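Trainee: The structure follows.
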Amino acid sequence: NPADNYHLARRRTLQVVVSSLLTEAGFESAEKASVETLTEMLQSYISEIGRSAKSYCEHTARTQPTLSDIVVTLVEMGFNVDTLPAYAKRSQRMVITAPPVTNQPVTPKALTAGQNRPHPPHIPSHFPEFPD
Amino acid sequence: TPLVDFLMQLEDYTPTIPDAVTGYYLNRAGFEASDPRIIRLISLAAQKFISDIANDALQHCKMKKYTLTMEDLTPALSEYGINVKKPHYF
Amino acid sequence: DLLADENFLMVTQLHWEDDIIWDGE
Amino acid sequence: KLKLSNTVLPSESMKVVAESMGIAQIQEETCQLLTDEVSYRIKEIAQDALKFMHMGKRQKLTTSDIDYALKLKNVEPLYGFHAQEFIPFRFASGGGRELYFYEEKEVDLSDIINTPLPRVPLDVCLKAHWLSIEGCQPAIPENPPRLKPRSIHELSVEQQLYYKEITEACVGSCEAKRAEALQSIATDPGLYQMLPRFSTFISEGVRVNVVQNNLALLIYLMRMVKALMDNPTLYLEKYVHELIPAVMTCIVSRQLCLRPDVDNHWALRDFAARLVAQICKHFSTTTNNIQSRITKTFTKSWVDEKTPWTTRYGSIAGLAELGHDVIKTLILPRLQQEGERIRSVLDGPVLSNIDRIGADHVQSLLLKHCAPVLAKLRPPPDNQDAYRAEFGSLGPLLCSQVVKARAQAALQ
Amino acid sequence: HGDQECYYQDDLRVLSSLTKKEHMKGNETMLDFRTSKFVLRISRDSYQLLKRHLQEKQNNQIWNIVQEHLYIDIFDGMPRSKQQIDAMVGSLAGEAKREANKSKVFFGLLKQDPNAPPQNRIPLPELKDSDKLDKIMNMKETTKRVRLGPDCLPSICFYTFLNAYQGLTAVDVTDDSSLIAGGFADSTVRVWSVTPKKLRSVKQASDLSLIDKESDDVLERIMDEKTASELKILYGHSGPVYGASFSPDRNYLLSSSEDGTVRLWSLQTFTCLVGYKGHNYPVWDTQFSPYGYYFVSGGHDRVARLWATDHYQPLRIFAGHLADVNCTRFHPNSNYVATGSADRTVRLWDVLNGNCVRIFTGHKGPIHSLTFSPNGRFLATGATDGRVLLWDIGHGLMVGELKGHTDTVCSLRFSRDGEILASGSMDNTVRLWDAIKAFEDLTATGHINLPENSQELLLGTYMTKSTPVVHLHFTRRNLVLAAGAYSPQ
Amino acid sequence: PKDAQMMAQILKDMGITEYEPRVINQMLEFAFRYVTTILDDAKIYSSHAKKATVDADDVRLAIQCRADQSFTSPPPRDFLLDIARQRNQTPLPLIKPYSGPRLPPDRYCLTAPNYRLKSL
């Protein structure tokens, strides 16, 4: 369940994003194989600006990419970047929130009150205590 | 600097894809979240690609609106040079 | 099959109902 | 002995693909030529995806292993589409296509939006424990499992001291001590071979703890039973013959201490006991021994004339929490008797006894069960005065409870 | 195919797939098998019966295939038993010649030892005053070091990765048990501090320009306290990190991944410094030298490269394997590099001249773990057959076989004294072997009669809760550390 | 299914006992992608030779012209042993004693001032 969820939370958000862009277009009720196709092209597109804008900045001896590394990355994918300020200011756009994240409130595990035999001198104090 | 101005406006803008999900697939490829606005521009670029494919597919559906079928994605991605595949094995 | 281990577990061989204490005194 | 073969994809699937593409009238030698080439490439990749399985230290070939095995053979990991130019996505895996054989092949586009997203799991953390203490593996939950000579007890003195501390913490002098001791009972792997002494301590305790009706002593012991049950390591149905008459006694017994006030807890003593009772009939089940035996004792507790009303309320709760069909088949022919009992408590002036409190609790519980028993097997039509054919006990308030259940179903 | 030995099933399945010519023209492992010669060490008592059945014209065709495709290396001695031949075969182009295992190997430690190389043989780096300060507190740990032996069995502290839903593919611990690195399938390296001392980065260049050098505190002055975590995540690989290696001065983390790059992460700035792009293919392992300047990385392209952290190009290319170089381990004197591989051979490589000086065959699966003895005399290798084979390095002879494990043995380490070899595999067990009773005896037949003594050399087996033992580490006070992601499976 | 039950026998003949259920679904998706790009190129080669029937030499041509570009391999042993002996002949360089953090030249490292945009 959780390992599937690690991948699925991030894929299901991608699918909801795809469904929302399809609705904005005009499509209501799409074919099932056409949604897992388009959300596979969406994940492969975010993963390709990840690998190529990291490659363009590290070619210039840097470690984190600026704006000038993505506007050359999107050019090498044929994007025509200038049309993006008009796309961002739509009136039809939706917003999908981030998925729910399991988080320990104070500590991941407060373990359990156990104390017992002292450490021999070949075990330092920072190793866990001897239990029952 | 039109795009530098746009990225500077991208703070206070929430994109359709969350930054916890766009940033996850960027961290998978080595791109680390130094600046949120850069993650948001990458998210908007991916959105524009999927949206343009969808709009071309809708023009094809209107010509033949409503349901999106694999026979609408097939001529829509053919001008992009992408040959989409039917499942055919399930 | 009557030699199955469960047959010999004392839940299936004991009138444990008699133990339930009703109105004890 | 090794009868290893060479299995290829069938050729009658390759002609279907060819004629569904525009290439008709293909020969069999032309078609056999396709299915030994592609069956080699599947064998070449699955042998190459097994390299990434071993390197990642897994025994299961995940879906991402074929994405790296394809990229290793200079073929794009993309499966749904193929880009001739290759510039929009260059050897970038899109994670495959979530498709099935038994799928619907058409969904509504607002069904995918309105479903809740799955929970992102916890991030990776580093916890340390002990596999071996000077050669011996500890039984912590991070680990898997002529004179005759003077004999030794089968428990160690660390184990006997542990038993003494856990039992003196489980009698609930301090609440944090109880809660840890209950979690310690709930997940100690080495708590077998101490379990006779825990079962005997529970059983013996309830029987000398109902001589004077000490409610906490009992609520702590029932929580100890619940903590004993959900432990996955220990084998319990050798000891359930001591466990079950203890819980029946918590549910079907009279209360020697003050009748009112803690009756609220008494209902919970009967609530915790009926919960663990139906959990014990859920597990440990063989033919006609456990569930039918407690069902028969509950029914002859019910049909018994002129009961103690504490015993009556407890047995009512016990028969109530037995599931879907049990109230569908048992509570049906008895509404008139329940109503007559309520009417007698109402008429007789006697208020300083516990009969009136017992009656109110029994009627409320029976009315809630009857509400879904009705919501479950009929439409919600004529919810005003049709229930007057069933002596008019819950009537419109029962109808309102059914409506609340329908609203919860709509929310689901 | 069914009269072939059971240990050859994997190769037999790859061959069953190969039916065409063009299928084999792009395999590059059976292409190198067809051009090489099988070595086939046989005795002279059995070769006389073979040559009296092949020199006759009745079988001049199979004799023509033998003298074209097979070497035959003859030794004068007893014919080996079947359970001794089974111990030393298993590779493709396997059971190599004794003329390869007769070169002089300087298997001794540096500082007299006649087997030790000179200090100026390999140009090793200087020992700085901060590196000399490390060995002062290292011998304080050696004071509390226990003698393990078969009686005082060590305590194992398992450092399990609990959630780990990105798959953990690489662990390394520093030489003092202070840091633990984790290579994961989500393309990240994550450093954890295990001592109660948070991971700090050094201050930025503006903050260092206002402070002065020459101060005694200096390093303490430079640390930034604004950045202080128990966990630092390192981003920059575009693929699952398969190798992880600390430097002995506790800076300079190394990581290799599927994307074909080896990366040098600083542990003072916690950024990436260099990306070493020599492979186009998944680099399966990397390791720093025990003196910390050179490092070796083995990849899918069937070579192992020797780098130096100063050049963008390698110095030595170790290019004799016929399959993927799975493991790459340095000798304790760092003049020799052992590279286990997927063609079931282990090869020692001299850092001078790049020559293969030893070839160790006898594994039935791809080698997934190597370790050296602290003497430098011995080498333990583990593979997917669950066998731990103990090799001599001066004689080039296997000296023992440990066959307790069931699945792939993915981690080996000797003790700090050398008293115990610890083995961790995918059967979720940490087995301890007596590494003194296994080397009690120290040829021209090129083999020794292995003892079948595994039962007497097992001091103990400890089972993990559903957790494959990815790493094994020995504290300098002889305490076993082990790290593995908990996979419920 | 028909073609999905043969895919579980190709894996079991390769000894793969444990696999995810999505493994069969995407090896069939690759096998379908591979045969609809051989046969797509086969009728392009048939129209080049001007024959109305795509016969077996067209598929023999489309296989070996797709395997010449798609499925590559690691470099061969005679190529790896030539670049090894060309590299292993060069002697190891000496080390400067107090050069500092030993790194390549700065155009080969990832240590640059690493700028970012001003938030305004």
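Here, A, B, ... name the chains of the structure tokens in the order displayed, residue numbers run from 1 inside each chain, and ligands are numbered from 1 in the same displayed order.
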Out of stretch 170-345 of chain E, which residues get strand (DSSP E or B) from DSSP, as a ChimeraX atom specification?
Mentor: /E:170-173,179-184,188-193,199-202,223-229,231-235,241-245,253-257,261-265,272-277,283-288,295-299,304-307,316-318,329-330,336-340,345
Trainee: Could I get the residues of chain F with an atom no further than 8 Å from an atom of chain D, each paired with its nearest atom pair and that distance in Å to one decimal, using only C-alpha atoms, sorted by chain and residue number, as JSON lines?
Mentor:
```
{"residue": "F:1", "atom": "CA", "partner": "D:101", "partner_atom": "CA", "distance": 8.0}
{"residue": "F:3", "atom": "CA", "partner": "D:9", "partner_atom": "CA", "distance": 7.0}
{"residue": "F:6", "atom": "CA", "partner": "D:9", "partner_atom": "CA", "distance": 6.2}
{"residue": "F:7", "atom": "CA", "partner": "D:9", "partner_atom": "CA", "distance": 7.5}
{"residue": "F:9", "atom": "CA", "partner": "D:7", "partner_atom": "CA", "distance": 6.9}
{"residue": "F:10", "atom": "CA", "partner": "D:7", "partner_atom": "CA", "distance": 6.0}
{"residue": "F:11", "atom": "CA", "partner": "D:46", "partner_atom": "CA", "distance": 7.1}
{"residue": "F:13", "atom": "CA", "partner": "D:4", "partner_atom": "CA", "distance": 7.2}
{"residue": "F:14", "atom": "CA", "partner": "D:47", "partner_atom": "CA", "distance": 7.0}
{"residue": "F:16", "atom": "CA", "partner": "D:61", "partner_atom": "CA", "distance": 8.0}
{"residue": "F:18", "atom": "CA", "partner": "D:60", "partner_atom": "CA", "distance": 5.1}
{"residue": "F:19", "atom": "CA", "partner": "D:61", "partner_atom": "CA", "distance": 4.7}
{"residue": "F:20", "atom": "CA", "partner": "D:62", "partner_atom": "CA", "distance": 5.7}
{"residue": "F:22", "atom": "CA", "partner": "D:63", "partner_atom": "CA", "distance": 6.3}
{"residue": "F:23", "atom": "CA", "partner": "D:63", "partner_atom": "CA", "distance": 5.5}
{"residue": "F:25", "atom": "CA", "partner": "D:99", "partner_atom": "CA", "distance": 7.5}
{"residue": "F:26", "atom": "CA", "partner": "D:96", "partner_atom": "CA", "distance": 6.7}
{"residue": "F:27", "atom": "CA", "partner": "D:42", "partner_atom": "CA", "distance": 6.9}
{"residue": "F:29", "atom": "CA", "partner": "D:79", "partner_atom": "CA", "distance": 5.8}
{"residue": "F:30", "atom": "CA", "partner": "D:79", "partner_atom": "CA", "distance": 5.7}
{"residue": "F:31", "atom": "CA", "partner": "D:38", "partner_atom": "CA", "distance": 6.3}
{"residue": "F:32", "atom": "CA", "partner": "D:17", "partner_atom": "CA", "distance": 8.0}
{"residue": "F:33", "atom": "CA", "partner": "D:79", "partner_atom": "CA", "distance": 7.1}
{"residue": "F:34", "atom": "CA", "partner": "D:38", "partner_atom": "CA", "distance": 7.1}
{"residue": "F:35", "atom": "CA", "partner": "D:34", "partner_atom": "CA", "distance": 7.2}
{"residue": "F:36", "atom": "CA", "partner": "D:17", "partner_atom": "CA", "distance": 7.5}
{"residue": "F:39", "atom": "CA", "partner": "D:18", "partner_atom": "CA", "distance": 7.1}
{"residue": "F:43", "atom": "CA", "partner": "D:23", "partner_atom": "CA", "distance": 7.2}
{"residue": "F:53", "atom": "CA", "partner": "D:25", "partner_atom": "CA", "distance": 6.8}
{"residue": "F:54", "atom": "CA", "partner": "D:26", "partner_atom": "CA", "distance": 6.7}
{"residue": "F:55", "atom": "CA", "partner": "D:30", "partner_atom": "CA", "distance": 6.3}
{"residue": "F:56", "atom": "CA", "partner": "D:30", "partner_atom": "CA", "distance": 4.6}
{"residue": "F:59", "atom": "CA", "partner": "D:30", "partner_atom": "CA", "distance": 7.1}
{"residue": "F:60", "atom": "CA", "partner": "D:33", "partner_atom": "CA", "distance": 7.9}
{"residue": "F:63", "atom": "CA", "partner": "D:37", "partner_atom": "CA", "distance": 7.9}
{"residue": "F:70", "atom": "CA", "partner": "D:75", "partner_atom": "CA", "distance": 5.6}
{"residue": "F:71", "atom": "CA", "partner": "D:73", "partner_atom": "CA", "distance": 5.1}
{"residue": "F:72", "atom": "CA", "partner": "D:73", "partner_atom": "CA", "distance": 5.4}
{"residue": "F:73", "atom": "CA", "partner": "D:73", "partner_atom": "CA", "distance": 6.5}
```
Trainee: Within 6 Å of chain D, which residues belong to chain A? Use only C-alpha atoms and report them as a PyMOL selection string.
Mentor: chain A and resi 2+6+9+16+19+28-32+36-37+40+43-44+48+77+99-102
Trainee: Using only C-alpha atoms, I'd like every residue of chain D that has an atom within 9 Å of chain C; please write them out as a short mmCIF file (atom, residue, chain, number, x, y, z; two decimals) with N, CA, C and O atoms, in the first residue's frame.
Mentor:
```cif
data_model
loop_
_atom_site.label_atom_id
_atom_site.label_comp_id
_atom_site.auth_asym_id
_atom_site.auth_seq_id
_atom_site.Cartn_x
_atom_site.Cartn_y
_atom_site.Cartn_z
N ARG D 207 -12.94 -12.87 38.20
CA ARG D 207 -13.84 -13.64 39.10
C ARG D 207 -13.77 -13.17 40.55
O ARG D 207 -14.80 -13.26 41.22
N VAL D 210 -15.39 -9.45 40.67
CA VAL D 210 -16.84 -9.16 40.53
C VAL D 210 -17.47 -9.51 41.87
O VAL D 210 -18.67 -9.30 42.02
N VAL D 211 -16.67 -10.04 42.79
CA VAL D 211 -17.18 -10.28 44.18
C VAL D 211 -17.51 -8.89 44.73
O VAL D 211 -18.55 -8.76 45.39
N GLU D 237 -5.82 -19.18 20.64
CA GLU D 237 -6.98 -20.04 20.81
C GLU D 237 -6.72 -21.28 21.67
O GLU D 237 -7.63 -22.09 21.85
N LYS D 238 -5.52 -21.44 22.22
CA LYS D 238 -5.33 -22.38 23.31
C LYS D 238 -5.81 -21.81 24.64
O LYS D 238 -6.08 -22.57 25.56
N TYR D 239 -5.94 -20.49 24.74
CA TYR D 239 -6.26 -19.82 25.99
C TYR D 239 -7.61 -19.13 25.96
O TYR D 239 -7.97 -18.46 26.92
N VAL D 240 -8.38 -19.31 24.88
CA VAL D 240 -9.61 -18.55 24.72
C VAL D 240 -10.71 -19.15 25.59
O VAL D 240 -11.70 -18.47 25.90
N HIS D 241 -10.52 -20.40 26.05
CA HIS D 241 -11.46 -21.04 26.96
C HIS D 241 -11.43 -20.42 28.35
O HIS D 241 -12.37 -20.61 29.12
N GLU D 242 -10.37 -19.69 28.69
CA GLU D 242 -10.35 -18.85 29.87
C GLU D 242 -10.74 -17.41 29.57
O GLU D 242 -11.25 -16.72 30.46
N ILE D 244 -12.97 -16.16 27.19
CA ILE D 244 -14.38 -15.91 26.86
C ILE D 244 -15.31 -15.87 28.08
O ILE D 244 -16.09 -14.91 28.16
N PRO D 245 -15.28 -16.79 29.06
CA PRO D 245 -16.16 -16.61 30.23
C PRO D 245 -15.84 -15.39 31.08
O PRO D 245 -16.73 -14.89 31.77
N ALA D 246 -14.62 -14.85 30.98
CA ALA D 246 -14.31 -13.59 31.65
C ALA D 246 -15.06 -12.42 31.01
O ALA D 246 -15.65 -11.59 31.72
N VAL D 247 -15.07 -12.34 29.68
CA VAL D 247 -15.77 -11.24 29.03
C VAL D 247 -17.28 -11.44 29.15
O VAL D 247 -18.05 -10.47 29.23
N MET D 248 -17.77 -12.68 29.08
CA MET D 248 -19.23 -12.83 29.22
C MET D 248 -19.62 -12.28 30.59
O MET D 248 -20.63 -11.57 30.67
N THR D 249 -18.80 -12.54 31.61
CA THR D 249 -19.13 -12.07 32.98
C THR D 249 -19.13 -10.54 33.05
O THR D 249 -19.98 -10.00 33.76
N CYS D 250 -18.22 -9.86 32.35
CA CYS D 250 -18.27 -8.38 32.33
C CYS D 250 -19.59 -7.91 31.73
O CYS D 250 -20.17 -6.96 32.28
N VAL D 252 -22.68 -9.79 31.16
CA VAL D 252 -23.97 -10.30 31.70
C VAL D 252 -24.03 -10.23 33.22
O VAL D 252 -24.90 -10.89 33.80
N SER D 253 -23.18 -9.45 33.86
CA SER D 253 -23.25 -9.49 35.34
C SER D 253 -23.90 -8.27 36.00
O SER D 253 -23.96 -7.21 35.37
N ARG D 254 -24.38 -8.43 37.25
CA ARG D 254 -24.95 -7.32 38.04
C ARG D 254 -23.81 -6.48 38.61
O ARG D 254 -22.67 -6.99 38.71
N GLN D 255 -24.10 -5.23 38.94
CA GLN D 255 -23.03 -4.35 39.44
C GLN D 255 -23.19 -4.17 40.96
O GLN D 255 -24.17 -3.52 41.37
N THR D 286 -14.45 -22.27 14.29
CA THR D 286 -14.51 -23.60 13.70
C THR D 286 -16.00 -23.93 13.64
O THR D 286 -16.82 -23.02 13.83
N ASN D 289 -18.95 -24.26 17.43
CA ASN D 289 -18.42 -24.33 18.78
C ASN D 289 -18.50 -23.01 19.53
O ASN D 289 -19.03 -22.97 20.64
N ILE D 290 -18.00 -21.91 18.95
CA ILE D 290 -17.77 -20.70 19.73
C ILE D 290 -18.90 -19.69 19.53
O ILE D 290 -19.52 -19.25 20.50
N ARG D 293 -22.39 -20.94 20.47
CA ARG D 293 -22.48 -21.20 21.93
C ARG D 293 -22.76 -19.90 22.67
O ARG D 293 -23.57 -19.92 23.59
N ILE D 294 -22.09 -18.82 22.30
CA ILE D 294 -22.32 -17.52 22.92
C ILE D 294 -23.62 -16.91 22.41
O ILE D 294 -24.30 -16.18 23.15
N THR D 297 -26.30 -18.68 24.56
CA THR D 297 -26.34 -18.12 25.91
C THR D 297 -26.93 -16.72 25.93
O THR D 297 -27.68 -16.38 26.86
N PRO D 308 -32.50 -9.70 35.91
CA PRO D 308 -31.88 -8.45 36.34
C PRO D 308 -31.69 -7.53 35.14
O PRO D 308 -31.30 -7.98 34.06
N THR D 311 -28.09 -7.28 33.76
CA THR D 311 -27.87 -8.46 32.93
C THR D 311 -28.63 -8.36 31.62
O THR D 311 -28.11 -8.74 30.55
#
```
Trainee: Please identify every residue of chain E that has at least one atom no farther than 8 Å from an atom of chain F, counting only C-alpha atoms, and for each give the shortest atom pair and the distance in Å to one decimal, arranged by chain then increasing number, as JSON lines.
Mentor:
```
{"residue": "E:10", "atom": "CA", "partner": "F:14", "partner_atom": "CA", "distance": 7.9}
{"residue": "E:13", "atom": "CA", "partner": "F:14", "partner_atom": "CA", "distance": 6.6}
{"residue": "E:26", "atom": "CA", "partner": "F:73", "partner_atom": "CA", "distance": 6.1}
{"residue": "E:27", "atom": "CA", "partner": "F:73", "partner_atom": "CA", "distance": 7.0}
{"residue": "E:28", "atom": "CA", "partner": "F:76", "partner_atom": "CA", "distance": 6.2}
{"residue": "E:32", "atom": "CA", "partner": "F:77", "partner_atom": "CA", "distance": 6.7}
{"residue": "E:122", "atom": "CA", "partner": "F:92", "partner_atom": "CA", "distance": 7.5}
{"residue": "E:123", "atom": "CA", "partner": "F:94", "partner_atom": "CA", "distance": 5.6}
{"residue": "E:124", "atom": "CA", "partner": "F:95", "partner_atom": "CA", "distance": 7.5}
{"residue": "E:125", "atom": "CA", "partner": "F:95", "partner_atom": "CA", "distance": 6.2}
{"residue": "E:126", "atom": "CA", "partner": "F:97", "partner_atom": "CA", "distance": 5.9}
{"residue": "E:272", "atom": "CA", "partner": "F:110", "partner_atom": "CA", "distance": 6.4}
{"residue": "E:273", "atom": "CA", "partner": "F:110", "partner_atom": "CA", "distance": 4.9}
{"residue": "E:274", "atom": "CA", "partner": "F:109", "partner_atom": "CA", "distance": 4.5}
{"residue": "E:275", "atom": "CA", "partner": "F:109", "partner_atom": "CA", "distance": 6.9}
{"residue": "E:300", "atom": "CA", "partner": "F:74", "partner_atom": "CA", "distance": 7.6}
{"residue": "E:301", "atom": "CA", "partner": "F:74", "partner_atom": "CA", "distance": 5.3}
{"residue": "E:302", "atom": "CA", "partner": "F:74", "partner_atom": "CA", "distance": 7.7}
{"residue": "E:303", "atom": "CA", "partner": "F:80", "partner_atom": "CA", "distance": 7.6}
{"residue": "E:309", "atom": "CA", "partner": "F:103", "partner_atom": "CA", "distance": 5.6}
{"residue": "E:310", "atom": "CA", "partner": "F:104", "partner_atom": "CA", "distance": 4.3}
{"residue": "E:311", "atom": "CA", "partner": "F:104", "partner_atom": "CA", "distance": 5.2}
{"residue": "E:312", "atom": "CA", "partner": "F:104", "partner_atom": "CA", "distance": 6.3}
{"residue": "E:315", "atom": "CA", "partner": "F:87", "partner_atom": "CA", "distance": 6.6}
{"residue": "E:316", "atom": "CA", "partner": "F:88", "partner_atom": "CA", "distance": 5.1}
{"residue": "E:317", "atom": "CA", "partner": "F:84", "partner_atom": "CA", "distance": 5.0}
{"residue": "E:318", "atom": "CA", "partner": "F:84", "partner_atom": "CA", "distance": 6.7}
{"residue": "E:319", "atom": "CA", "partner": "F:81", "partner_atom": "CA", "distance": 5.8}
{"residue": "E:320", "atom": "CA", "partner": "F:81", "partner_atom": "CA", "distance": 7.1}
{"residue": "E:322", "atom": "CA", "partner": "F:77", "partner_atom": "CA", "distance": 7.5}
{"residue": "E:352", "atom": "CA", "partner": "F:91", "partner_atom": "CA", "distance": 7.5}
{"residue": "E:353", "atom": "CA", "partner": "F:88", "partner_atom": "CA", "distance": 5.4}
{"residue": "E:354", "atom": "CA", "partner": "F:88", "partner_atom": "CA", "distance": 5.4}
```
Trainee: What separation in Å, quoted to one decimal, exists between atom CA of residue E:11 and atom CA of residue E:281?
Mentor: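 So the answer is 22.4 Å.
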Trainee: Looking at only C-alpha atoms, which of A:66, A:23, A:83, A:107 is the one that sits closest to chain F?
Mentor: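 Of A:66, A:23, A:83, A:107, the one nearest chain F, counting only C-alpha atoms, is A:66.
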Trainee: Residues at most 7 Å from residue A:18, counting only C-alpha atoms, excluding those fewer than 4 positions away in the same chain, as a PyMOL selection string?
Mentor: chain A and resi 14+22+38-39
Trainee: Please identify all residues of chain A having at least one atom at most 7 Å from any atom of chain F, considering only C-alpha atoms, and return them as a PyMOL selection string.
Mentor: chain A and resi 58+61-64+66
Trainee: Output N, CA, C and O atoms for every residue in the selection just made, as a PDB file, in the first residue's frame.
Mentor:
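Result file result.pdb:
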```
ATOM      1  N   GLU A  58      24.875  22.509 -15.391  1.00  0.00           N
ATOM      2  CA  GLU A  58      26.107  21.826 -15.012  1.00  0.00           C
ATOM      3  C   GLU A  58      27.152  21.850 -16.117  1.00  0.00           C
ATOM      4  O   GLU A  58      28.339  21.665 -15.831  1.00  0.00           O
ATOM      5  N   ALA A  61      29.129  24.827 -15.293  1.00  0.00           N
ATOM      6  CA  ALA A  61      29.806  24.656 -14.005  1.00  0.00           C
ATOM      7  C   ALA A  61      28.950  25.060 -12.807  1.00  0.00           C
ATOM      8  O   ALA A  61      29.480  25.278 -11.721  1.00  0.00           O
ATOM      9  N   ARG A  62      27.631  25.136 -12.958  1.00  0.00           N
ATOM     10  CA  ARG A  62      26.742  25.495 -11.861  1.00  0.00           C
ATOM     11  C   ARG A  62      25.989  24.265 -11.368  1.00  0.00           C
ATOM     12  O   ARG A  62      26.038  23.195 -11.975  1.00  0.00           O
ATOM     13  N   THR A  63      25.292  24.423 -10.244  1.00  0.00           N
ATOM     14  CA  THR A  63      24.539  23.326  -9.647  1.00  0.00           C
ATOM     15  C   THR A  63      23.037  23.550  -9.594  1.00  0.00           C
ATOM     16  O   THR A  63      22.292  22.572  -9.625  1.00  0.00           O
ATOM     17  N   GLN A  64      22.569  24.795  -9.507  1.00  0.00           N
ATOM     18  CA  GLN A  64      21.131  24.976  -9.569  1.00  0.00           C
ATOM     19  C   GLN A  64      20.766  25.873 -10.749  1.00  0.00           C
ATOM     20  O   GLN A  64      21.484  26.834 -11.051  1.00  0.00           O
ATOM     21  N   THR A  66      19.081  28.503 -13.389  1.00  0.00           N
ATOM     22  CA  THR A  66      18.463  29.818 -13.406  1.00  0.00           C
ATOM     23  C   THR A  66      17.359  29.848 -14.456  1.00  0.00           C
ATOM     24  O   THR A  66      16.926  28.816 -14.974  1.00  0.00           O
TER      25      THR A  66
END
```
Trainee: Can you pull out every residue within 8 Å of stretch 437-442 of chain E, counting only C-alpha atoms, but drop anything in the same chain fewer than 3 positions away, and send it as a short mmCIF file (atom, residue, chain, number, x, y, z; two decimals) with N, CA and C atoms, in the first residue's frame?
Mentor:
```
data_model
loop_
_atom_site.label_atom_id
_atom_site.label_comp_id
_atom_site.auth_asym_id
_atom_site.auth_seq_id
_atom_site.Cartn_x
_atom_site.Cartn_y
_atom_site.Cartn_z
N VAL E 399 41.37 -20.33 -0.71
CA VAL E 399 41.81 -21.04 0.52
C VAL E 399 40.61 -21.59 1.31
N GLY E 400 39.40 -21.14 1.01
CA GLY E 400 38.20 -21.72 1.65
C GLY E 400 36.90 -21.37 0.95
N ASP E 434 34.56 -17.59 11.19
CA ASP E 434 35.85 -17.56 11.88
C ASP E 434 36.94 -17.33 10.85
N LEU E 457 33.19 -23.18 10.78
CA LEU E 457 33.64 -21.77 10.67
C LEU E 457 32.47 -20.82 10.90
#
```
Trainee: Using only C-alpha atoms, what table do you get, as JSON lines, when you list each residue of chain E with an atom no more than 7 Å from chain A, its nearest pair of atoms, and their distance in Å rounded to one decimal, rows by chain then rising number?
Mentor:
```
{"residue": "E:144", "atom": "CA", "partner": "A:122", "partner_atom": "CA", "distance": 5.4}
{"residue": "E:145", "atom": "CA", "partner": "A:122", "partner_atom": "CA", "distance": 6.0}
{"residue": "E:146", "atom": "CA", "partner": "A:122", "partner_atom": "CA", "distance": 6.7}
{"residue": "E:165", "atom": "CA", "partner": "A:3", "partner_atom": "CA", "distance": 5.1}
{"residue": "E:195", "atom": "CA", "partner": "A:126", "partner_atom": "CA", "distance": 5.9}
{"residue": "E:196", "atom": "CA", "partner": "A:126", "partner_atom": "CA", "distance": 6.7}
{"residue": "E:238", "atom": "CA", "partner": "A:51", "partner_atom": "CA", "distance": 6.4}
{"residue": "E:477", "atom": "CA", "partner": "A:122", "partner_atom": "CA", "distance": 5.0}
```
Trainee: From chain A, collect each residue whose DSSP state is helix (DSSP H, G or I) and return the set as number ranges by chain.
Mentor: A: 2-25, 32-59, 75-77, 81-88
Trainee: Would you kindly report the residues of chain B within 10 Å of chain F, using only C-alpha atoms, as a PyMOL selection string?
Mentor: chain B and resi 4-5+7-9+11+34-35+37-38+83-90
Trainee: When you draw a straight line from atom CA of residue E:232 to atom CA of residue E:481, how long is it in Å?
Mentor: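 So the answer is 20.7 Å.
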Trainee: Excluding stretch 450-455 of chain E and its own-chain neighbours fewer than 3 positions away, which residues fall within 10 Å of it when counting only C-alpha atoms? Please give them as number ranges by chain.
Mentor: E: 83-84, 87, 388, 398-404, 433-434, 437-438, 447, 458-459
Trainee: Got a sec: who's within 9 Å of residue B:27, counting only C-alpha atoms, leaving out chain neighbours fewer than 3 positions off, as JSON, numbers by chain?
Mentor: {"A": [47, 50], "B": [22, 23, 24, 30, 31, 32, 33], "E": [186, 187, 188, 235, 236, 238]}
